[PDB]
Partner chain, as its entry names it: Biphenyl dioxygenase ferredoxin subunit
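Next up: just one chain, as structure tokens, the form deposited without its partner chain.
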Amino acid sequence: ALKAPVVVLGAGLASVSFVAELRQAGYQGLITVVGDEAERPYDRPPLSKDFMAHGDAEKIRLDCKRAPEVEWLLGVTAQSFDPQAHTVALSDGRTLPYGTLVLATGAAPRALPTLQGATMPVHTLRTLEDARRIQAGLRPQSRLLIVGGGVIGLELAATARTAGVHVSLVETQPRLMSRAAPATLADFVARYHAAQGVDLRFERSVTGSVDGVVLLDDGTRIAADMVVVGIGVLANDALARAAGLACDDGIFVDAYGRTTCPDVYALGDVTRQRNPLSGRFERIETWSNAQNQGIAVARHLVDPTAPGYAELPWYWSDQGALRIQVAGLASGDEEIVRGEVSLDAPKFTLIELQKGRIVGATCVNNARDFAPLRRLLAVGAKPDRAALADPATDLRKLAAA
């Protein structure tokens, strides 16, 4: 159960949601949060979206007032922990004792070795600092090269195009968002960005760079004023690895957030956990997971009577005129398409089925359907394939089941 004092490593969304929930649940004991970034806790989603526009960090801070009497050690790095002695060594020379240790260290952007020593600016996008630097280079008429067709790269592509920047995007895979989205969506998104002026290149890899020019594996080249690398992230599990916990690009935890080390828990982007829909363990790198997992784990720690974490995964993406919401699995037995997939008036819904059962849903500029669909997904609904296809009200079908 809960043993005081509580020490949380990392001051991101997972950590903030966890501590707030502890207090809300009733834990009145000591809570200390260690965050290496010298910044008032903030939200990351805005960084590749609205923030690139207003540059106002005060519009993206997280609400830490819901977590009364918590000491936040900002600008401090947890260098290591001793599971035997139950202590944490900090970069400022101090040591913190703990009853319960929570690792919410997130993940960090993977680097591109071929660009080691590029004569032009090469950035990754994870922190407020990264965002400020990138935002500064988004001048009109400049040439931006984005390596990686994931949601964050595409959101930045859309943002940059709006600022009058010329954007080129290189992806090793034959499609965009190859990991997190259904093929139908990836095809439409590619078409949308192409139509926006984005120079997309699939199945191309960066091999190197010479005098301000990026070289591709197909013997061609691309001159860029700035390069932004977004080819995925790696779990910040170094402390857990050194302390002997089970890790493989992420700390393994069960539904209670427990690691293989007693009194040590983990939450957020840094964890490999069971995907309830696929039954497999994976790292779920979403905003809702960081928040929901932090809450679920805090609740069970205060009350073992509470159930383990069981929320289904979902995320959203804002890419220019596209408001994308994706829940569950990207593929299944069959796919139902509601509405029309038109570049002109994009507004459709995709439903992924697995033997009559809803296992996934995508909504593009159709938020009204997302809520019900998530409910249907939650109960493993198996609705009428026909009713599902023809313009029925999901809110209604959802209500029934």
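Only residues modelled in both forms are compared. Numbering follows the first chain given and starts at 1. Between two forms, the rigid core is defined as the largest C-alpha subset superposing within 1.5 Å.
There is also a form deposited with its partner chain bound; it is not shown, and the following applies to it.
The closest heavy atom approach of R323 to its partner chain in the entry with it bound falls within 4.5 Å. Although the partner is absent here, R61 is a contact residue: one of its heavy atoms lies within 4.5 angstroms of its partner chain in the entry with it bound. In the entry with it bound, its partner chain sits within 4.5 Å of a heavy atom of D43. The shortest heavy atom separation between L343 and its partner chain in the entry with it bound exceeds 4.5 Å. Residue heavy atoms within 4.5 Å of its partner chain in the entry with it bound occur in exactly one stretch of 146-154, 108-116, 309-317, 228-236, and that stretch is 309-317. Taken together, the three residues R66, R368 and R374 all lie with some non-hydrogen atom within 4.5 angstroms of its partner chain in the entry with it bound.
With the partner omitted here, the residue from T124, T159, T100, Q291 that has a non-hydrogen atom within 4.5 angstroms of its partner chain in the entry with it bound is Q291. Within 4.5 angstroms of its partner chain in the entry with it bound, the stretch 251-287 places a non-hydrogen atom from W287 alone. Fitting the two forms on the rigid core leaves the C-alpha of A392 displaced by at least 2 angstroms between the shown form and the other one. Distance between the C-alpha atoms of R385 and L395: shorter by at least 3 Å in the entry with it bound than in the displayed form. 392-401 is the only run of at least 3 consecutive shared residues whose C-alphas each shift by 2 Å or more between the shown form and the other one once the core is superposed.
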